[PDB]
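See structure below.
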8 protein chains.
Amino acid sequence: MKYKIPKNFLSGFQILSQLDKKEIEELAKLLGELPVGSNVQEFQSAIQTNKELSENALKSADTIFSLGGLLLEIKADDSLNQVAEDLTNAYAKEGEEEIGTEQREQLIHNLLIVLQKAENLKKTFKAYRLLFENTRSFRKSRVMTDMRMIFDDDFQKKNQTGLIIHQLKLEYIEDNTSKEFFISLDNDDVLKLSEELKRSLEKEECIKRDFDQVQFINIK
Amino acid sequence: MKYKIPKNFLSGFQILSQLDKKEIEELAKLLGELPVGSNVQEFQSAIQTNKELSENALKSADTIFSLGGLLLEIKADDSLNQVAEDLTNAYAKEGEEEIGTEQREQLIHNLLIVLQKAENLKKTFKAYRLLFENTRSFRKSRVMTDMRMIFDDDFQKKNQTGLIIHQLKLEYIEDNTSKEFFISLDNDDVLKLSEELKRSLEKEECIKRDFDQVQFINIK
Amino acid sequence: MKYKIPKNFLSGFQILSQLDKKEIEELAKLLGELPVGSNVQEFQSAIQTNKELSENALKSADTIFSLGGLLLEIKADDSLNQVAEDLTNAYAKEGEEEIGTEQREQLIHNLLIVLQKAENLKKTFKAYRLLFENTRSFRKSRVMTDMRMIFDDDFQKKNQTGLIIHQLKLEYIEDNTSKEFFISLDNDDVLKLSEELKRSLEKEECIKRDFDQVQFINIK
Amino acid sequence: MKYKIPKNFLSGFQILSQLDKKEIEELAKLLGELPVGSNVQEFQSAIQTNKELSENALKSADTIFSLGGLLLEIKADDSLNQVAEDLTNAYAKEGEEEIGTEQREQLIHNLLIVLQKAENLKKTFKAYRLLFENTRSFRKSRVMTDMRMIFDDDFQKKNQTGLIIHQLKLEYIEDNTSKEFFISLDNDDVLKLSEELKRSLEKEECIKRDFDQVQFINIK
Amino acid sequence: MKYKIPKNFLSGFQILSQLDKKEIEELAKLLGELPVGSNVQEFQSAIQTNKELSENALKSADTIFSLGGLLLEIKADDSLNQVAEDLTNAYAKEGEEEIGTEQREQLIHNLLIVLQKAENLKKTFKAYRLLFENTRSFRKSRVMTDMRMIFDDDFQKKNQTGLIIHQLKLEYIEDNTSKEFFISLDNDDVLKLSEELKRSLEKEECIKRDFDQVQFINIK
Amino acid sequence: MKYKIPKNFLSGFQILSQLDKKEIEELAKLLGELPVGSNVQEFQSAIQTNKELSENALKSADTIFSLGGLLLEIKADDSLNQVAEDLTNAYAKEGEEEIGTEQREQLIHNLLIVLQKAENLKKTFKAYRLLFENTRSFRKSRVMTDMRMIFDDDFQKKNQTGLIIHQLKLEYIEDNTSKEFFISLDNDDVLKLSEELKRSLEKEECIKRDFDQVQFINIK
Amino acid sequence: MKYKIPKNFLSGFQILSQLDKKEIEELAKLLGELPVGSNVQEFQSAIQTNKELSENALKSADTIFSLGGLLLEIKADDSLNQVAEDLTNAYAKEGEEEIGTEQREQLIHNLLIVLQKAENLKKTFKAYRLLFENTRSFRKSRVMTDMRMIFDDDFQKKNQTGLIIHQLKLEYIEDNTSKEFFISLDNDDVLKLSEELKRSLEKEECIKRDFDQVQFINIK
Amino acid sequence: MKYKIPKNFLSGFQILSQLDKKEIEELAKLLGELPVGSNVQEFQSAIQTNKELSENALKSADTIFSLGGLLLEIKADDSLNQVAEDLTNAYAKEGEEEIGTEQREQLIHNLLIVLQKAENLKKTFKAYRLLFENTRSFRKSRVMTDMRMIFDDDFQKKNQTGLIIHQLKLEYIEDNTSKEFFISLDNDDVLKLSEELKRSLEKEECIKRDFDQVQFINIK
């Protein structure tokens with residue numbers, strides 16, 4: 001490729017020397033049957049739930065899931081086999097080994113075996129990419145609590161005033177980088193967020209109720 | 001003053017020519033009895049709930065509440081009567097009228113009558129100032145909803161993929177100015193905010209339970 | 001209101017003293033029939049195309065369109081008549097006239113006559129608001145042209161090198177304020193933008209082709 | 001030099017031990033004949049299209065193209081041979097080898113052989129530098145598509161309103177760093193950009209038509 | 001002038017119709033004797049401490065102090081009388097009155113009478129300008145106090161941990177505009193600032209001790 | 001873990017092979033008795049002040065203090081033993097050694113022995129985290145001194161004007177990064193800061209006087 | 001227009017009621033003869049140098065120069081007479097007077113009389129606009145001087161070290177707004193700027209020498 | 001130290017094993033005689049101009065100059081020998097070798113031999129630090145040239161208008177980082193900068209003329 005491949009992806013390149021045909025075609029069938037929209041760990045669950053497949057195929061299947069995104073980040077208008085040939089040539093140029101017709105044939109044969117089945121996986125990784133493809137996004141947050149006190153011009157007095165200052169901390173991404181953001185509240189606004197969000201939840205319930213022809217994704 | 005006084009505050013300066021002693025002292029007593037931490041509209045409610053006071057005093061009482069903050073934003077270490085004299089002189093310098101001993105005496109007499117009672121009101125306006133006295137604060141927010149669609153490289157296909165992209169818009173202040181801030185979500189994170197806020201609410205319940213010697217303010 | 005009303009909106013308040021019932025109900029009927037999503041000038045066209053209505057109603061109808069947004073920016077969960085009463089009271093407080101039962105009744109009667117018909121107009125102004133309700137938006141742009149020249153270390157030579165440096169200037173809004181933004185190009189990139197935009201246009205053609213149950217807005 | 005030379009440039013320093021005179025002078029002749037304004041890959045094409053040159057010269061020729069910019073970024077008012085001597089001394093100071101008269105002579109001889117021919121290449125690299133030498137520049141962009149939906153206060157209704165919100169994403173450089181920039185559109189503005197750009201293209205056609213004495217560069 | 005003169009400065013232009021020679025020359029003498037570096041209020045004190053001068057001259061003397069800066073912001077290399085003539089012509093162009101030889105002569109005569117004495121005042125206003133002539137400067141600050149509390153994972157426990165978080169707020173100017181700046185502390189750092197500043201104060205004492213030939217300004 | 005552990009923390013993992021029970025339980029007892037809120041160096045002092053403990057335990061105790069924060073940064077709602085198991089599994093995945101039941105048992109046994117005692121240490125590290133958990137914080141500052149001079153339009157004169165321009169430099173953190181900030185002063189403002197800070201110090205004295213039930217932390 | 005016209009431009013609208021034909025055509029001839037690229041004050045000089053024209057025409061001629069830019073900022077592709085008609089209609093809509101055929105005819109007749117001659121003036125105002133049409137531009141600058149002193153750890157020593165720290169202040173515009181920018185120097189760099197600028201000046205001399213067919217503008 | 005020492009500074013630590021007393025004391029004498037304010041290359045010149053010193057001492061003398069800054073960046077109030085002991089202990093902690101009394105004694109003996117002579121060098125490095133110790137500073141700049149052309153609405157015309165748009169590019173530092181800054185000019189402003197700078201140069205000449213008791217530094 002024009003990109004450098006560490007063993008996180010080269011592992012498959014090295015391990016592709018034994019895997020056979022029935023197992024790969026059956027896995028393609030299963031993935032076509034697999035509920036589209038699964039995470040890498042979900043694919044690990046699917047693999048571990050196997051009974052017809054050998055344990056050796058697992059060394060790359062989880063990586064194939066990651067390689068799928070690299071395989072499915074590929075441009076659609078570009079020919080699949082031609083792109084495979086180009087990336088194989090570039091990899092051999094900067095790869096760990098010079099490729100003869102034997103390993104080249106095994107690689108490209110398995111590759112076309114894969115892309116022929118990536119409809120579900122193509123859709124899954126398209127879905128995964130898009131949810132982030134905005135200006136900024138979300139990870140997590142907390143809240144804190146204060147009990148600030150009020151000091152008189154007469155320090156000898158008993159201070160007997162109390163407060164509740166909620167705080168909020170959100171975790172959000174821009175340009176593939178993390179940041180912080182802080183803000184101040186009070187009780188009423190808290191209730192108001194809460195009620196508003198609950199009613200939003202009802203709205204999703206209604207939209208879920210409406211469309212039957214579309215199954216809605218729940219990906220993280 | 002060094003500050004210019006429009007009729008929002010000069011109205012009292014002009015209207016102070018008739019109000020008598022019993023009404024002002026009784027109002028001071030009531031305010032001392034008034035639950036510390038009331039807003040201007042709450043003071044309007046207290047005034048309208050009156051039965052011993054004349055209607056004429058109302059022309060400034062609501063303004064006295066606003067003048068109280070101007071009266072209670074005053075520096076504590078500075079002598080009350082001396083500060084009154086200085087501000088009266090500066091106002092007469094740039095005010096609507098040159099002050100003789102008559103109006104000056106009425107003004108300063110009523111002033112000392114007021115500051116002698118501003119303990120509750122001093123505390124109230126101190127409280128009001130502080131909650132904002134941070135780097136930034138809060139007014140309001142909304143949410144929206146999208147139903148983005150997914151387009152294939154084969155436009156002739158039925159598009160059958162659906163999404164739910166919540167949006168958030170917060171209203172927050174810096175340097176006495178307003179702004180906006182926008183962000184992206186998904187269902188799980190919504191539930192997570194909701195649960196976290198509910199548990200925060202429980203925390204306030206516990207802290208409320210603990211301290212009996214302090215009555216906690218609920219000011220907006 | 002809490003907002004001050006100049007004659008851009010007070011004009012209706014002043015002019016509401018003569019308009020009758022048949023004309024207003026017929027205009028409501030027409031607006032219900034009016035293609036939802038029309039601009040103020042489109043409403044002016046609709047008005048000028050009238051034959052059953054008097055010319056006098058025009059003094060506010062165009063303003064009603066603007067007042068509609070102020071009438072339709074109103075919060076939905078708040079009762080229509082109660083909100084009308086509150087805004088009428090606040091306006092009378094700071095308005096040009098104190099309102100008796102006569103003008104108050106005429107105003108509120110016409111108001112409820114209007115809000116009873118604002119479904120199309122509510123939808124229109126919701127639509128108008130939303131397209132802008134993002135982080136930033138668009139007005140206009142240009143391009144320029146340069147013919148920079150290349151100077152040798154030998155100034156006595158004939159300079160015979162030529163260039164074409166397109167420039168771009170976009171007009172965009174943040175926080176209700178305008179700005180500028182500038183950038184550099186070359187021929188290929190120009191062709192590339194052009195082709196990409198044309199293919200986008202085809203995409204809209206396809207989506208337009210798909211959905212028959214939804215009529216898509218073309219508002220500016 | 002004062003700059004450190006990795007093998008991307010030191011490779012020539014190491015490989016200069018065999019190349020002969022006829023090949024270098026013929027390559028200088030060819031480059032003088034080479035259409036001024038070629039990229040490194042274009043120079044690679046020119047090299048691979050060779051028939052009189054040995055394959056060994058290629059190890060640095062492509063680097064000479066890159067070294068040319070380092071050789072042609074050099075200040076013009078500074079003497080060529082004196083600058084060569086200074087940079088050779090500094091490199092020997094921090095280089096991979098201490099230079100005797102033999103390698104020093106080979107290096108400086110080849111250097112003066114090169115700079116004697118860099119008129120075309122000097123012009124080319126001047127041209128390459130300048131197009132970027134502004135406040136900010138360009139790489140690429142995309143567009144997206146939305147199909148936002150409109151929700152009533154009556155959720156039980158069929159939502160039948162549709163929209164088309166194009167989006168734009170430009171890739172631009174400041175201070176040798178990349179960024180993003182986002183914006184909102186609608187159909188008309190799209191057509192308007194398109195027509196405006198087409199007419200700009202016509203303008204280049206006219207200017208191309210006018211000047212015959214100047215051949216205009218098309219460099220990327 | 002090219003600048004517009006309101007009555008803050010036009011007042012002198014209007015009031016210059018009566019003042020005589022002995023008073024102005026004696027005031028020039030006094031100002032030459034006046035301790036260089038006085039503020040406008042200090043000049044007011046000097047004026048009010050007068051016994052030989054008429055009260056009428058005061059209407060502009062305080063403004064002359066302000067006009068002095070406008071008179072001493074003037075460029076030094078430009079001829080004093082020529083600059084006076086130019087500014088008088090421009091003012092008459094956009095002033096409240098067209099100037100004949102009479103008022104023109106009175107104005108310019110008094111002007112040259114003034115600039116002939118502005119050595120002390122020139123130095124004073126130069127001094128005043130410079131202290132601000134940096135990137136940013138100072139007005140004021142405060143501190144606050146917190147008593148944050150520590151909440152356990154076991155809310156039923158008595159919270160018995162205490163803190164002291166000083167805060168700081170500085171007031172500083174850039175581009176003739178004000179801002180804020182906030183920061184966090186603890187006790188040790190407070191002591192450290194305090195000791196460091198005290199030792200700085202000693203340093204000024206030493207430098208004050210050293211130079212006898214220079215009297216150091218204390219201007220605000 | 002999901003985080004990589006260098007020998008700053010892996011040292012304990014490697015050294016945990018000999019430490020016994022009485023020493024660890026006695027150290028837990030001591031730490032419970034240790035004044036909550038001690039720094040790593042304070043824990044080193046506590047360790048070196050030992051007489052019942054072996055010297056070998058010291059190899060990790062100081063690291064346990066650092067590991068405590070990593071152990072006490074852990075989420076409270078997550079089960080202690082389950083989190084220990086998860087982190088042990090992940091570490092064994094990317095650790096220096098694959099863990100059998102022997103080292104796993106020793107590790108987890110000691111771990112539960114520790115977390116059973118971390119109340120004081122949990123509170124300490126919570127305290128340590130929080131003081132920084134704001135928008136920005138403090139390290140240090142200096143001051144400088146100038147003796148700027150005043151130059152006349154007559155350079156032949158003796159310059160005899162003197163000044164004192166204090167400067168300030170603060171060291172403050174945002175986003176775990178350092179910066180600078182500079183500002184200008186004069187004598188009065190210096191005195192004013194000094195007096196204000198002294199009076200703040202008195203305020204802490206008063207608050208210290210008030211609450212007896214809470215011991216206030218002095219951590220750096 | 002869509003823009004509001006104050007008397008800075010409405011003055012011509014009001015004063016156009018007397019001017020005749022010979023004077024306007026002769027002024028058009030003169031302007032065609034006028035050296036293209038003159039400022040408003042240069043046009044004032046040209047007017048005052050008149051002998052065939054009446055003094056009354058001057059009331060707008062200087063404004064015509066300003067109106068020319070408003071007349072020449074007009075879009076070229078739009079028909080001149082049609083644009084005149086549109087702007088006249090809009091002005092009459094929001095102007096000081098409703099226009100009959102008489103004043104409308106006088107206005108439009110004079111307008112077409114003007115635009116028929118604006119070739120020189122069109123070029124002039126195009127030129128004026130462009131020089132600013134970049135990201136930022138220039139007004140002015142200064143320099144200052146320091147004589148900082150060096151303080152020992154032994155304050156009793158004679159300080160005998162001296163420095164020269166030039167400073168620079170530039171005045172530059174972005175988005176039609178002014179700013180500042182500051183920087184630090186030393187003697188050598190000063191000489192270097194000076195020499196570099198002088199050699200640049202020589203470069204302009206050479207380019208001036210080269211092209212005879214083009215007269216270069218010197219506009220401010 | 002708390003800082004890590006690479007061989008740029010550890011080289012002296014390793015090479016200090018042979019240097020003798022007479023050479024170091026004579027070099028201290030020479031440096032005391034050396035014109036205070038010399039750069040590292042100036043010290044190299046001084047060293048190479050030696051005749052009494054051995055060549056071996058040169059391996060660190062140039063580094064001593066750099067180590068001097070590290071030796072003279074040291075805090076003045078801290079005891080020299082105590083600081084030496086602390087830094088030696090910390091270095092031995094993280095250094096290349098554990099230090100016995102022999103190398104420790106040689107190191108500390110030479111160290112005290114050095115600091116006893118660093119008055120000139122202390123002053124030099126203080127001077128070096130300060131000139132940069134502002135908000136931002138300077139390296140270099142250029143200028144460019146344009147010959148923009150003016151295009152008519154009638155493209156068939158001969159374009160015969162010419163311009164001269166100087167450009168400026170400055171190189172300046174903030175927070176130890178580099179940047180750019182760009183700006184637009186014209187001929188007059190160029191002359192104006194030039195004249196202003198020349199007159200500034202005269203000002204330095206005058207100040208140089210005035211003070212004889214202070215020798216002014218010229219450091220780069």
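By order of appearance in the structure tokens: chains A, B, ..., then residues from 1 within every chain, and ligands from 1 in the order shown.
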For residue 8 in chain H, work out the shell of residues within 10 Å, counting only C-alpha atoms and skipping chain neighbours fewer than 5 positions away, then give it as an MDAnalysis selection string.
chainID H and resid 60 63 66:67
Dump N, CA and C atoms for the selected residues as a PDB file, in the first residue's frame?
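Saved result, out-v8.pdb, follows:
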```pdb
ATOM      1  N   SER H  60      35.655  20.279  26.122  1.00  0.00           N
ATOM      2  CA  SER H  60      34.564  20.707  26.987  1.00  0.00           C
ATOM      3  C   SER H  60      34.424  22.218  27.073  1.00  0.00           C
ATOM      4  N   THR H  63      31.641  23.342  25.456  1.00  0.00           N
ATOM      5  CA  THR H  63      30.493  22.851  26.207  1.00  0.00           C
ATOM      6  C   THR H  63      30.368  23.570  27.543  1.00  0.00           C
ATOM      7  N   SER H  66      28.233  26.349  27.007  1.00  0.00           N
ATOM      8  CA  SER H  66      26.844  25.920  27.108  1.00  0.00           C
ATOM      9  C   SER H  66      26.494  25.487  28.522  1.00  0.00           C
ATOM     10  N   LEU H  67      27.382  24.742  29.178  1.00  0.00           N
ATOM     11  CA  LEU H  67      27.176  24.388  30.573  1.00  0.00           C
ATOM     12  C   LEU H  67      27.148  25.616  31.464  1.00  0.00           C
TER      13      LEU H  67
END
```
Define the interface residues of chain B facing chain C as those within 8 Å, counting only C-alpha atoms, and report them as a list in words.
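Listed by rising number, the hits are residues 155, 179, 180 and 182 of chain B.
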Atoms to include: N, CA and C atoms. Write the selected residues as a short mmCIF file (atom, residue, chain, number, x, y, z; two decimals), in the first residue's frame.
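And here's again-v5.cif as it stands now:
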```cif
data_model
loop_
_atom_site.label_atom_id
_atom_site.label_comp_id
_atom_site.auth_asym_id
_atom_site.auth_seq_id
_atom_site.Cartn_x
_atom_site.Cartn_y
_atom_site.Cartn_z
N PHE B 155 -28.03 3.66 -7.00
CA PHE B 155 -29.13 4.55 -6.62
C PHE B 155 -30.50 3.91 -6.84
N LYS B 179 -23.78 33.04 23.78
CA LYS B 179 -23.16 32.25 22.73
C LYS B 179 -23.99 31.00 22.49
N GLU B 180 -23.41 30.09 21.70
CA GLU B 180 -24.00 28.80 21.42
C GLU B 180 -22.93 27.72 21.50
N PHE B 182 -22.73 23.27 20.37
CA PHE B 182 -23.43 22.19 19.70
C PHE B 182 -22.60 20.92 19.75
#
```
For residue 70 in chain D, find every residue with an atom within 10 Å (counting only C-alpha atoms), except residues of its own chain fewer than 6 positions away, and show them as an MDAnalysis selection string.
chainID D and resid 9 64 125
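A straight line drawn from CA of residue 143 in chain A to CA of residue 181 in chain A is 11.9 Å long.
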Residue set, chain D restricted to alpha helix (DSSP H), as number ranges by chain:
D: 7-15, 21-33, 40-48, 58-72, 80-94, 101-115, 119-132, 187-210
